[PDB]
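J.: Sharing an experimental structure here, sequence included.
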Amino acid sequence: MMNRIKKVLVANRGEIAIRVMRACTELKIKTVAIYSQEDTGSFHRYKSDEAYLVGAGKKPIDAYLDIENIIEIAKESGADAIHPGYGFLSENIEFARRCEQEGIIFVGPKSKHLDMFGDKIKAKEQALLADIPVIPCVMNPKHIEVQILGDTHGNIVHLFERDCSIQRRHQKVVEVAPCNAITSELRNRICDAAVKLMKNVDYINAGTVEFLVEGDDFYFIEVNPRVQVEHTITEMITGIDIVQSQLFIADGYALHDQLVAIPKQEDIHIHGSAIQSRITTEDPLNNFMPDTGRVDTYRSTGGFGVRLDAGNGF
Amino acid sequence: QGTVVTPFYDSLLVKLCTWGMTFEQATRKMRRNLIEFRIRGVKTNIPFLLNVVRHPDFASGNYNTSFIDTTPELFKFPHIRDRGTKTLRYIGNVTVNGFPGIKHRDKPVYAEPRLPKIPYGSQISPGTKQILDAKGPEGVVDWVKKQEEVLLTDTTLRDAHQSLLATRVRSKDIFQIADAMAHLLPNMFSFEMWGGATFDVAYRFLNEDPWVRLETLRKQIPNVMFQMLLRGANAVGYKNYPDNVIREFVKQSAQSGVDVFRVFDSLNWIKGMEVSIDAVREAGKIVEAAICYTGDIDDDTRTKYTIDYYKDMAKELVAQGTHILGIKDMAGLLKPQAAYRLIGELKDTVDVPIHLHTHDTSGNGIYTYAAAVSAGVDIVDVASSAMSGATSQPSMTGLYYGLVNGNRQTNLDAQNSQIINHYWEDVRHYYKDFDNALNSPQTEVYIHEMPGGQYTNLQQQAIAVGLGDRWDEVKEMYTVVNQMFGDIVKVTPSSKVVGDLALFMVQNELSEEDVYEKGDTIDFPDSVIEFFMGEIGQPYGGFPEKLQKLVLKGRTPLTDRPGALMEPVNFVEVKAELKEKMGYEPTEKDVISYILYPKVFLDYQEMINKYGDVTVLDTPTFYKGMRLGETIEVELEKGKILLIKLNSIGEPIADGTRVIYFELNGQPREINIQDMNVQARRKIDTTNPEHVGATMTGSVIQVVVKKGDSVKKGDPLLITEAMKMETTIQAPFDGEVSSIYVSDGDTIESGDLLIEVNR
Amino acid sequence: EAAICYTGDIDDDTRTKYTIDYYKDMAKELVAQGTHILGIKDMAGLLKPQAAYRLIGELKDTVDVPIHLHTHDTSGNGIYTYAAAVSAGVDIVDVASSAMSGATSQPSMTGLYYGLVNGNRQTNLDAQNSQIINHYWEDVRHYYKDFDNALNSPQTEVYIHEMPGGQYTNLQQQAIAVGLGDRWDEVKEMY
Amino acid sequence: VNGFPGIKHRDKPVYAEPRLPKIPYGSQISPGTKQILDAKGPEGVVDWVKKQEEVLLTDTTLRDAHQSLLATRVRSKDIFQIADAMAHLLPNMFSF
Amino acid sequence: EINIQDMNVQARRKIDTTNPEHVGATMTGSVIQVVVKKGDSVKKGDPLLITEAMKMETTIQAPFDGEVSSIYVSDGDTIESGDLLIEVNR
Amino acid sequence: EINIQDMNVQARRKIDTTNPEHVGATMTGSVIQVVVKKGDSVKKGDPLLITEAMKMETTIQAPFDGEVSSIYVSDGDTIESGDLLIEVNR
Ligand SMILES: [Mn+2]
Ligand SMILES: [Mn+2]
């Protein structure tokens, strides 16, 4: 089923690590997990075919940033490719550069894309070269992102938008797709705007373009060159497995190859509406400080229209 | 999680539904989800749904109502993965009942052992193994002649622990250092790493495969030659065996990666090695025919085992065609001045390199090695310091430092060998229970001549049989008996004969004269009859005739190699018999192992079927189980780990069965272990009618049922006394008997839970 | 028996402080100070065998008192070192019952007897008698299991760090006591 | 009840009675190096030593040996019990 | 799981070597003094308790900043190496 | 002192090394079979019980003529060296 990618090492932890692993097994790809010492018990370690300790001796977070140890493990284990997930090293130039150099497929865009979009300014720049709106401080805006996919063969699709406006102290809390309270016309101006930018730089794999909206204008603010936490809600309204798509793209296929099954832009539609809620140990009765300890009872839920993507809640 | 499914309603646990933009997509997600599910406690129908979903007629989209009842591939299921459950069954069993033959005690808290830090993807030097591959046996020999330094064979992975730790060192602990060994010790002539008592001890006591050890290691150390110790006549086995068995064993040993065969006879009878030697030549490998040292050539009183003796035999062995001449001082009897003279003379006499092997029993090992080195010896056997001394080999680093300022040096890297040594320093603690050799010089061996190993061993039996008080008597008798036999070379198996008879003569108040007088009325141990029968070769100088006559009792001693006289084994027949017993196709290796150790081979199979490949466990777990609240990591294969934790240990029911409460990779698991060694009364759950409980205060006369018995309503479960007047507790329904909380005898009160009857 | 403590390594000229001339000067001052027997106290078992031959030889050429050698079998070369010393003329050596010999103790009295009994120069000992005594210690040692904590096998590292027989086991204890058991190698390097 | 300080508290083992050398009753201790000292003092012993071709032995079993291996814990009771035998069986030692 | 204090109390746990939140005895000896209570905040290096080793007092410290959890020993208690003494949550 | 049989039973004694009426285990293992009852008469050398040592059966005999007294073990029981097994009165 896969051309070059026979084994993927998932260089992350938690929820997104499990998501990737699940997409890999669906495509018959072998998985390799990494865990910090501190994460010796994280359940994502039990979801992969192989697991290896990383960052021995480093601090909890630094251990998942140990590029060279990750490369050692990638190579040791026979990993054709690395999925960096979100956060951690997913947006880190040295890490992409460093994979490319080792002939290890980086399941993401090219290093130069992380470069032009690692900076808050050189992004502004690229948005100007694209000929799309930007800010020159905005009143009561909606915060609205557009999902982009793009293959190595110059095809580039969008998967409509997500409304990420519900925030607490500027951190996302509930995400809704699509943005129910805007017009079809505005939706396209924004969506086409993000395609324009992402084609303009020949963007590769999954990425997201963020916009602020006031009434009927919108203004570019950011590109995240990675999967996002809320991609879930987009898969739900469009039908398109984003994480499999990522893998397919990086292997070398093209969006519409019948196996990858991504429709033509005209044939991509919105079906229904979806909401995401992130369940965390942040205690609202204690200033949202994360609780700790053993989870003695954990019982999730089910039924029609329900999706669960488990982090370290088992 | 924690539900009790009952037999009354449908069985349904959960409806799993998956979706795609296409059927094809949905099928992949169903596949993943069925596999990713974990359900334990009860069997499920998942193996079957997978078969359906994977079938290409399912994927095609074209199936009809008679798809299943006519696709019989759907009902062939794979061999279950229950490696976890097995591992838990092993651990729970040693934790509750202890490991056999050692005192049962809390598992200690151990240091993690110091592993040498090797740069990642570093570069193993070629060594002596490459020379063999390119230029064969003669190439290695020529090479050896060129070297001014003395060369080192390392015995740490075989004779060293055979001597100090009852050969109990496990493959896991050996693999873990092998990589480093390759990188850090590339200049060794060889690694003695197989043969001796390791073959049977691996199977019999470690529940692991010696062939796997040899083969895993071969890859791990590709630069240095592997050496083994072979008893000529009987290989590594316990008998005599027909020639084709010996040749097959050797052939496989050679394929599997053994490069140098040290071949000896326990009586120095050259005929007894002739098959083996020839087989080694034919495999393209190195032959190290060996002469066993005994007596004391510095003492002319003693006229049997003299320097001319060793010289004659050195020549015959070159004539018989050995690449390297080995001198095997099994008991550490070769004093230093005699080493100088012996090695000197033998160098004047034969044109092959010489390989010396002593034991540091007396404290003079190194000194003896320094003498040997001054006289030209080509190769000597040493061990890591932490596994050296006493009845082991002298220290490899000890030797390096003792010679580094002499006329003649060793090629070793002290620092490297010290770093390796640390690993063994640590790991040795795991084997405390087998570290029983009193580890200090014993110069008495110059009187009695008991080999390194058999001293600790023979003492054990003496103690076992109530003679621990009289060990000195037995050591004196051991000496007497060697004289009674006309003075023989004592090493396995000649040594056993001398120990068997020594024990017997002490046990039965028998002197030497007592045996000459009343010998025709006395029944001597089987090994002694066998010895005089000729069943382990012919002693130099031959049997003493009067004593032979008394022991055999008219029996007619053969005068040839017992392998000449034996029906060759039929490998095709034996392989089929075994296949039957194992229930699948055995390897050429399984077969030879079954031939050599039929019983213990099958006991090994029985064991790994019950508990899986327990080889993989860390040694402290292997011998001691788990502490409450401990977590271990069990490496099944690189990258594939069982994180196992032990939470608690259930109270026993009547037959001793406890439930052991584990978490395995996040999954709570409950396994039943019968406590064999048991030194609060449960009441019923009034709600549950599967509970059968006592009605009044009294006792249990008789329990009439066993766990798993089928019952029909009204049937007799047990009988309870109430002031001596018997009354009979019956089944309240049809069902199956479960746990039984009481025994004939037990006193009981009303409410007391007695028996459980599942529907 | 005024004694000179052996340290360093006189077979190594890199090392210029504790040399054979050093031991010779001090041997004389000590005879001057008025010692009946000159003792050489190799507390750490550092005196290799060839250096023993040379050292004892030289010191015999230099002073007219008998010489008493004392080493520790820490490295595994104790006996060998004693045999060298014996070849060069040493008058007296310190040994112990086999069952209390080896490792950080003295070499075995019976070990020595048997190793020399066929050389140019012998010891005056009765093997059999010393073996019978030895049995007593073989047995009694078990009483002290709880204090028998020296890892009893050669440690050639003492040639790097130079920790005496006793203080190795001891210093390790404190290292362990104070939470540094994991880092004992660091401490030996620091020593 | 409370254990001995500084060691793990554990059941007392069942020990062998140790092998004491059999000495004839009222046997006869050889003079040795101690007599030389008493008669001829330090110089006498020194001169004696110079005469000996064999190498002489000081036995460290009762001091440095157990200082090294057993934390110097060997007790006088265990030492007295072998001393008689020592005198009879090891008379040729230079010193103890 | 609920925590109930047993008012009327009439086997020694060893450490989980893996976990550094476990503070365990280094050598055989006893507990002179426990210097902390459950829930106390500590800074790396601070004094948790004091353990005797043949009468010569030595002081067990916090291996990091954190919060004190369960305490398995009391002033008096006799201890062996490996014995779990105190737990310090991060 | 009166002897009462406890019908309802829900620490291992070692031997008194001094006393030869005590018969104790030689090595670590278990009890296969007890061949005698209390009050049985024995002649020196007779079979008292059989003890396993790594599966290889070995037989504990009477060290003299006498009478069997108390029996501290049963078929099944696990045993260590020094463990008092049977008592044989003269
Ligand atoms: Mn050997
Ligand atoms: Mn000293």
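T.: Done, it's in. Numbering: from 1, shown residues only, chains lettered A, B, ... in the order given. Ligands and ions are numbered 1, 2, ... in the order given.
J.: What count of nearby residues applies to residue B:595?
T.: A count of neighbours around residue B:595, defined by other Cβ atoms under 10 Å in any protein chain shown, yields 22. All C-beta spots, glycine's among them, are computed from the backbone N, C-alpha and C.
J.: give the contact list for it.
T.: Residue B:595 makes contacts with B:241, B:245, B:569, B:574, as judged by Cβ atoms under 8 Å, 6 or more residues apart in numbering or on different chains.
J.: Tell me the one of those residues nearest chain F?
T.: residue B:241 (23.1 Å; Cβ to the nearest Cβ).
J.: Could you tell me which residues of the stretch 151-300 of chain A lie near chain B?
T.: A:239-241, A:261 (Cβ under 8 Å from any Cβ of the partner chain).
J.: Next, count neighbours for the nearest residue to residue B:520 once chain neighbours are set aside.
T.: Closest residue in space to residue B:520, ignoring its immediate chain neighbours: residue B:550 at 5.9 Å, by Cβ to Cβ, 6 or more residues apart in numbering or on different chains. Neighbours of residue B:550 under the rule other Cβ under 10 Å: 19.
J.: swap in residue B:690?
T.: A total of 17 residues lie near residue B:690 under the criterion other Cβ under 10 Å.
J.: Please save the CA atoms from the helix or strand where residue A:23 lies in CSV.
T.: Using DSSP states H and E, residue A:23 sits within helix A:14-26. This file holds the C-alpha atoms of helix A:14-26, laid out as CSV (Å, rounded to 0.1, in the frame of the first residue of the first chain):
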residue,chain,number,x,y,z
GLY,A,14,0.0,11.8,24.2
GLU,A,15,-3.0,12.3,22.2
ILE,A,16,-1.4,13.2,18.8
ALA,A,17,1.1,10.4,19.1
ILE,A,18,-1.8,7.9,19.3
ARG,A,19,-3.6,9.6,16.4
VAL,A,20,-0.6,9.2,14.2
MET,A,21,-0.1,5.6,15.3
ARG,A,22,-3.7,4.8,14.5
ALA,A,23,-3.4,6.3,11.0
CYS,A,24,-0.2,4.4,10.4
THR,A,25,-1.7,1.0,11.4
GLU,A,26,-4.7,1.8,9.1
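J.: Past that helix, which element shows up next along the chain?
T.: Heading C-terminal from helix A:14-26 (DSSP H and E), you reach strand A:30-35.
J.: now for that next one, which elements pack on it?
T.: Here strand A:30-35 touches strand A:7-10, helix A:14-26, strand A:50-53, helix A:67-77, going by 3 or more Cβ pairs under 8 Å, 6 or more residues apart in numbering or on different chains; DSSP states H and E.
J.: what's near enough to touch the residue lying closest to residue A:106 once chain neighbours are set aside?
T.: Of all residues not flanking residue A:106 in the chain, residue A:99 sits nearest, at 4.2 Å (Cβ to Cβ, 6+ apart). Contacts for residue A:99 (Cβ under 8 Å, 6+ apart) come out as A:71, A:74, A:82, A:105-106.
J.: Columns neighbour count on top of those, output as JSON lines?
T.: Shown next, in JSON lines, are these (neighbours: other Cβ atoms under 10 Å in any protein chain shown):
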{"residue": "A:71", "neighbour count": "21"}
{"residue": "A:74", "neighbour count": "23"}
{"residue": "A:82", "neighbour count": "28"}
{"residue": "A:105", "neighbour count": "20"}
{"residue": "A:106", "neighbour count": "24"}
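J.: ok, residue 119 - how many residues close by?
T.: In the absence of a named chain, this looks at chain A. When neighbours are defined as other Cβ under 10 Å, residue A:119 has 12 of them.
J.: The intended chain is chain B.
T.: 7.
J.: which SS class is it?
T.: Counting by DSSP: H, G, I helix; E, B strand; the rest coil, the backbone at residue B:119 sits in coil.
J.: before we move on, back to that, now go through the residues of the stretch 151-300 of chain A next to chain B and say which are in helices.
T.: Secondary structure from DSSP state H places none of these in helices.
J.: Let me have those in TSV, extended by neighbour count and distance to residue B:84.
T.: Listed next are those as TSV, based on neighbours: other Cβ atoms under 10 Å in any protein chain shown; distance: Cβ to Cβ, whole Å:
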residue	neighbour count	distance to residue B:84
A:239	20	38
A:240	22	37
A:241	23	31
A:261	19	38
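J.: List, out of those, those positioned next to chain F.
T.: Counting by Cβ under 8 Å from any Cβ, no member of those reaches chain F.
J.: From the residues you listed, pick the one nearest chain C.
T.: Nearest to chain C among those is residue A:241, at 47.9 Å by Cβ to the nearest Cβ.
J.: residues near the closest residue to that closest one other than its chain neighbours, how many?
T.: Distance criterion Cβ to Cβ, 6+ apart; nearest residue to residue A:241, sequence neighbours excluded, is residue A:235 at 6.0 Å. Applying other Cβ under 10 Å, we find 19 residues neighbouring residue A:235.
J.: In this model residue B:322 seems to touch residue B:287, though I could be wrong.
T.: Yes - assessed by Cβ atoms under 8 Å, residue B:287 is found in contact with residue B:322 at 4.8 Å.
J.: where do the contact lists of the two overlap?
T.: Common neighbours of residue B:287 and residue B:322, counting by Cβ under 8 Å, 6+ apart, are residue B:277.
J.: More neighbours: which of the two?
T.: A direct count of neighbours by other Cβ under 10 Å for residue B:287 and residue B:322 places residue B:287 higher, at 27 against 24.
J.: Give me the neighbour count for residue B:34.
T.: 19.
J.: what sits against it?
T.: Residue B:34 makes contacts with B:16, B:46, B:49-50, B:53, as judged by Cβ under 8 Å, 6+ apart.
J.: any idea how far residue B:727 is from residue B:756?
T.: Distance, residue B:727 to residue B:756, using Cβ to Cβ, to the nearest Å: 20 Å.
J.: before we move on, back to that, name the helices or strands packed onto the helix holding residue A:23?
T.: strand A:7-10, strand A:30-35, helix A:242-251, helix B:23-36.
J.: follow-up on the earlier one: just the closest of the residues of the stretch 151-300 of chain A next to chain B to residue B:716, please.
T.: Nearest to residue B:716 among these: residue A:241, at 62.7 Å, using Cβ to Cβ.
J.: if we can go back for a sec, could you dump the host helix or strand of the residue nearest to residue A:241 to CSV, C-alpha only?
T.: Taking DSSP H and E as the definition, one finds residue A:235 inside helix A:231-238. Provided in CSV are the C-alpha atoms of helix A:231-238 (Å, rounded to 0.1, in the frame of the first residue of the first chain):
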residue,chain,number,x,y,z
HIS,A,231,-8.1,19.0,12.8
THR,A,232,-10.5,16.5,14.2
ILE,A,233,-13.5,18.8,13.6
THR,A,234,-12.5,19.3,10.0
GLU,A,235,-12.3,15.6,9.3
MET,A,236,-15.8,15.3,10.7
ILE,A,237,-17.5,17.9,8.4
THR,A,238,-15.5,17.0,5.2
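J.: which of the residues in the helix or strand hosting residue B:275 are buried?
T.: Here residue B:275 sits within helix B:274-283, counting by DSSP H and E. Neighbour counts over helix B:274-283 (16 or more other Cβ atoms under 10 Å in any protein chain shown) mark B:274-281, B:283 as buried.
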